[PDB]
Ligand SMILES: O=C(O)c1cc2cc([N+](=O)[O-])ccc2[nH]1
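First, one chain by itself in structure tokens, the form deposited without ligand GID.
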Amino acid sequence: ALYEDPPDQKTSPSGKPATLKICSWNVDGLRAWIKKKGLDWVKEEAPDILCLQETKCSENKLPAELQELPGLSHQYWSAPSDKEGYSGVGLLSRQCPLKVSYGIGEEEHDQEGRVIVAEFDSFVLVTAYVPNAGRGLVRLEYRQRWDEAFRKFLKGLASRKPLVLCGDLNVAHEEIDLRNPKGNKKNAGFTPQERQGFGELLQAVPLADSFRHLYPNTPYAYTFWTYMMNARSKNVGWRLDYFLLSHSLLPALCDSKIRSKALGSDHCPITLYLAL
């Protein structure tokens, strides 16, 4: 059926109020997103950090609009080495980061403008747009190598600070994260492989799926629908966009939300509340 995201639990497990609001969103064309009034929604939601994926836009072609955009003064972008109009991500922050890193530190996996690291005082934040296993699973082979590297770099990372990873992970973890599971079991995004990966990643690093940590059994809660075949109309979507918390931060987690009613892409923005 349809999903109604619950109201915002702005208090910790321990009564301490939320201090830190990170928002994440696969934009799918940053210029079209802004033309489609997405930045309005950003302004009204007033996050402390905004992460975007699928920006499909190069550094200089970046629009003027997000220059004026206040409260998200520090802005960082990666966009692929040699392929224009493709991929790209960006991280905007109200407060200034301690240190910003691009890519995951392997050549093979750092050429498509997918990953921004940003270390803050008490945590480190990664935003990524995981590569699609490709239609016809033509790039499935690659993405098993991506996953294994993303893992071993995310594990190294968490070893030092506690981390929040957000972004589009291109994996529909379980059959509850998919409107049509059985008609998708070797479509990309729900292969035995990619769900296998997600599982390794949660057990490897380790990381909790914050949405499923608070709503382990809510169905029909989705983050993406194809513009085709009326997919968002019937909410026949997926859950592709996660907030993957280190276990240290589980006592800081106040809520984890999915802002379905927010138009402008084929994805909807998600939103994390922590007490930090």
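Numbers follow the displayed sequence, beginning with 1.
Missing here is the form deposited with ligand GID bound; even so, the following discussion is about that form.
Among heavy atoms of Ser93, some come within 4.5 Å of ligand GID in the deposited bound form.
For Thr19, a non-hydrogen atom is located within 4.5 Å of ligand GID in the deposited bound form, even though that partner is not displayed.
Ligand GID in the deposited bound form is not approached by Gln75, whose heavy atoms all lie more than 4.5 angstroms from it.
Although the partner is absent here, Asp48 sits close enough that one of its heavy atoms falls within 4.5 Å of ligand GID in the deposited bound form. Distance criterion of 4.5 Å from any heavy atom to ligand GID in the deposited bound form singles out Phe120 from the list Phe120, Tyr86, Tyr102, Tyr142. Contact with ligand GID in the deposited bound form, defined as any heavy atom within 4.5 Å, is confined among 172-180, 94-102, 187-195, 107-115 to 94-102.
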